[PDB]
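Enquirer: Following this: a sequence and the matching experimental structure.
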Amino acid sequence: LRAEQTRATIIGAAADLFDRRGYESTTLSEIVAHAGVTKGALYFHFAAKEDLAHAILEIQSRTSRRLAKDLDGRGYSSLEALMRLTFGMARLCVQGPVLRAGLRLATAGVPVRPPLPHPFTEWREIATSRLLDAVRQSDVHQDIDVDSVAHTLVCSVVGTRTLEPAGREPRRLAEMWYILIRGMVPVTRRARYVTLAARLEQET
Amino acid sequence: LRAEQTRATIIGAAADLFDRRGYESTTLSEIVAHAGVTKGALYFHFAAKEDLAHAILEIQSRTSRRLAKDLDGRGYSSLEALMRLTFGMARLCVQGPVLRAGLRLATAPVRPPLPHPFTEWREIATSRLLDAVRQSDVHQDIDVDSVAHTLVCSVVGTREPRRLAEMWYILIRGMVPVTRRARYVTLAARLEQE
Amino acid sequence: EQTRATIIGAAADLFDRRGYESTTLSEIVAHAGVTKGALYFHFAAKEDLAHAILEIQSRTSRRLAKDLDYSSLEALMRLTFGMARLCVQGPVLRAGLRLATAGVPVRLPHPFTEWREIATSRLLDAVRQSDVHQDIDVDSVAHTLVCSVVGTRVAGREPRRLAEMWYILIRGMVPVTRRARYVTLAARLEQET
Amino acid sequence: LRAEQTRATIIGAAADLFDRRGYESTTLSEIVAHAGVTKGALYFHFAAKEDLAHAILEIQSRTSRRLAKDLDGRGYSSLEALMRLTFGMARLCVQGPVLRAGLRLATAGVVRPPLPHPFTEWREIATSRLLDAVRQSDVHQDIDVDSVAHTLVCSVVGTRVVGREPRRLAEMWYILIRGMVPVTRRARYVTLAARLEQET
DNA sequence: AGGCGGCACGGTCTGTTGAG
DNA sequence: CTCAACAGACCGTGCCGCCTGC
């Protein structure tokens, strides 16, 4: 019946088990423990734990797909919506147990279920195709890089940060943009983005 | 240490399998068949599987101690020694897999009390990017962190070192004074291939 | 229902080659077209499926038993070439043959002690009519008669595998009197198509 | 090699459970406890339990060739060999479950050369040894050897073991001499066949 | 520094029964 | 005749350290 809800009950806890322990360390006895289900109830929705990793990566590529287009519509444009794009994933990497594992389950092991659209080329091209918009609007410089800044961006956005608690993850991201707009914005409206960066910290 | 090359060829294949697979993805089955010796010889140089991910990181932080002292033996500027160190610590993670596994192991667990590479590399910059402020090659206002948090996926997220100097421009155009900026900008693009 | 004969016939082609025990209840459902909740309204067990596929065999061995209209020795030799033309006719019977060989969760009488006890009655009654010698160990015959037809493949030539096998018995069992009366009754039963 | 003392302990208890419960039911957790080893001591000798088939049917096949070199040119005829050989398999069909499992695995392994296959290796030794048993009497000049080949191999099944084998075979041979052998050596070939049973 | 062996879970999935 | 969930061993083997005759 409505026990289709009793399916993300393990995903929201297999991600916390994926992000903290890693992939090849998450025992299915441990995953099925942090949930409230039995060894066979997990198999009814997932063939292998490789199928629990390729489906948990769709909950990431589809939760940033509806936050990079549905977030638009009205308000923000070019290099102004790129900041709000990050200050929201930075929240869901803290206030959400799911997609903070997808950032790790995309470097320490790619899933093996066809097809394989890698999420890094989904960020090193959603930013590039939006970074290209800032040159034709005088929001950034014109002599700067065109493709060497995108892979530089989705990079410091990661920064691993695990090592440190999830309290300085959305607030250190504000320092990343603080240094970035120093070598991009043509100085005139440089403080127009610092005013936004220092205020996007404590929200989603 | 005479015929100790037995353990010198174990970590050579142990690092290649820790890179083209993973840590636990690689078992002792192939790691002794891909190397070329029995398990009875493996347990004469190493105590366990974790002692490999403890003898590989301690050769990654042993190379991060030789090249770190080879730039302080000439006469570089503190900011110059820091930026010619990120091009040296990136020309090694492209060729040899014996040091690429340390890039792969220290991500998905080091054995105590060895200093972790992330904690070490992030404090190598802070110590260097502070004497680079005492020489007034870096402004005093900007917080020095500003560290390896940005120089992370330089090789992870995968000409290639051209991406390294591409972000050095964005840093110098912000933390380095506008006068001494013309030096380190053209002295970082001076050579991206060596 | 009609599906009662569906999850038992499609489950017969997946029983012989696989070996029953190695046949998953998932592939049975997938190869029958039914559901995993439809099987358990008609069987409720994979053990109850074996007893269900042997009952359609033992009740077709006693359904061919209603043929007591020739000589008592012939009302048995005709069953031999009447059984070889059944275990090749479709997946059924063969799946019952494959199941009876290995572990049989039977109980429908015994798997083979019905073809050894009731395939000797239609032979002992052929002794009191003097088609079989009265001074032979008759129980020693049925215990060593239900093989051969089991075959060394458990080609396609099976009647000749049994016709030139029946001849060995009709030389030391059936008297020299009516010996050819059943020798010729094998080359004529050797032709099917 | 002490492993030979252990590898023989595992393969023996494995064939005992193969003879009774079959291959598709022999629990691996029950073998190591029925033999006296551990789950890993078995893996050092057998990866998967398909190697408990190419190691059991390897003995069943080699012991067939070891019961042919003892009867090479010993002095037996071309039919006296198959007579003292059918009671040769009657040995380890009761005294040892090893070869007893060999005369049972007719479904498992369904096929991979150069495995002799326990039926092509028994139809051959029957057919290619009756070609000389049709010359020096013993076999009539009309009995198709290729037809009794598929009959001779099945017949060794005998009983429920597919007792009751070492005595059911005696009647199986006595009822087969009368219908294949001349009436001059019919009472002479059943001679060392009624006595060729009171010990096997 | 051997070949042989000790336990234990890694995950895959099996034949099953309560919601409605 | 259904979609759901149920526990449980099924077989691999991974990783180690006991006494072990090639």
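Expert: Everything's here; your move. Numbering: from 1, shown residues only, chains lettered A, B, ... in the order given.
Enquirer: and the residue nearest the centre of chain A, what element?
Expert: Nearest residue to the geometric centre of chain A (C-alpha atoms, centre = their mean): residue A:89, 5.0 Å. Per DSSP states H and E, residue A:89 falls inside helix A:81-92.
Enquirer: who does that helix touch, helix- and strand-wise?
Expert: Identification of packing neighbours for helix A:81-92 by 3 or more C-beta pairs under 8 Å, 6 or more residues apart in numbering or on different chains; DSSP states H and E yields helix A:99-102, helix A:128-135, helix A:173-180, helix A:191-197. C-beta here means a position set from N, CA and C on the backbone, and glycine is covered the same way.
Enquirer: let's see it at 7 Å
Expert: On a contact count with 3 or more C-beta pairs under 7 Å, 6 or more residues apart in numbering or on different chains; DSSP states H and E, helix A:81-92 meets helix A:173-180.
Enquirer: Just want the residue of chain A that's nearest DNA strand F.
Expert: Residue of chain A nearest DNA strand F, by C-beta to the nearest atom of the strand: residue A:40 (2.4 Å).
Enquirer: what about residue A:2, how many neighbours?
Expert: 5 (other C-beta atoms under 10 Å in any protein chain shown).
Enquirer: Not counting its neighbours along the chain, what's nearest residue A:200?
Expert: residue A:87 (3.8 Å; C-beta to C-beta, 6 or more residues apart in numbering or on different chains).
Enquirer: and residue A:173, how many neighbours?
Expert: For residue A:173, the number of neighbouring residues by other C-beta under 10 Å comes to 23.
Enquirer: I'd say it and residue A:86 touch.
Expert: Yes: between residue A:173 and residue A:86 there is a contact at 6.1 Å, judged by C-beta atoms under 7 Å.
Enquirer: which residues are common contacts for those two?
Expert: Common neighbours of residue A:173 and residue A:86, using C-beta atoms under 7 Å, 6 or more residues apart in numbering or on different chains, do not exist here.
Enquirer: Please enumerate residues in contact with stretch A:92-110?
Expert: With C-beta under 7 Å, 6+ apart, stretch A:92-110 has contacts from A:11-12, A:15-16, A:18-19, A:22-23, A:53, A:56-57, A:59-60, A:63, A:116, A:118-120, A:158, A:166, A:169-170, A:204, B:22, B:107-108, B:156.
Enquirer: Weed out the non-buried ones from those residues.
Expert: With burial judged by 16 or more other C-beta atoms under 10 Å in any protein chain shown, the buried subset of the contacts of stretch A:92-110 is A:11, A:15, A:18-19, A:22-23, A:53, A:56-57, A:59-60, A:119-120, A:158, A:169-170, B:22, B:107-108.
Enquirer: Just the ones in helices from those, please.
Expert: Counted as lying in helices by DSSP state H, out of the buried ones among the contacts of stretch A:92-110, are A:11, A:15, A:18, A:19, A:53, A:59, A:60.
Enquirer: which ones are touching residue A:61?
Expert: The contact partners of residue A:61, taken as C-beta under 7 Å, 6+ apart, are A:119, A:122.
Enquirer: rerun at 10 Å
Expert: Neighbouring residues of residue A:61 by C-beta atoms under 10 Å, 6 or more residues apart in numbering or on different chains: A:99, A:102, A:106, A:117, A:118, A:119, A:122, A:123.
Enquirer: phi, psi of the fourth one?
Expert: Note on residue A:117: its backbone torsions stand at phi -80, psi 100 [degrees, to the nearest 10].
Enquirer: Point out the residues in chain A that sit beside DNA strand E.
Expert: Proximity of chain A to DNA strand E, by C-beta under 7 Å from any atom of the strand, involves residues A:1-3, A:26-30, A:39-40, A:42-44, A:47-50.
Enquirer: So which of those residues reach chain C?
Expert: Among the residues of chain A next to DNA strand E, none lies close to chain C by the criterion of C-beta under 10 Å from any C-beta of the partner chain.
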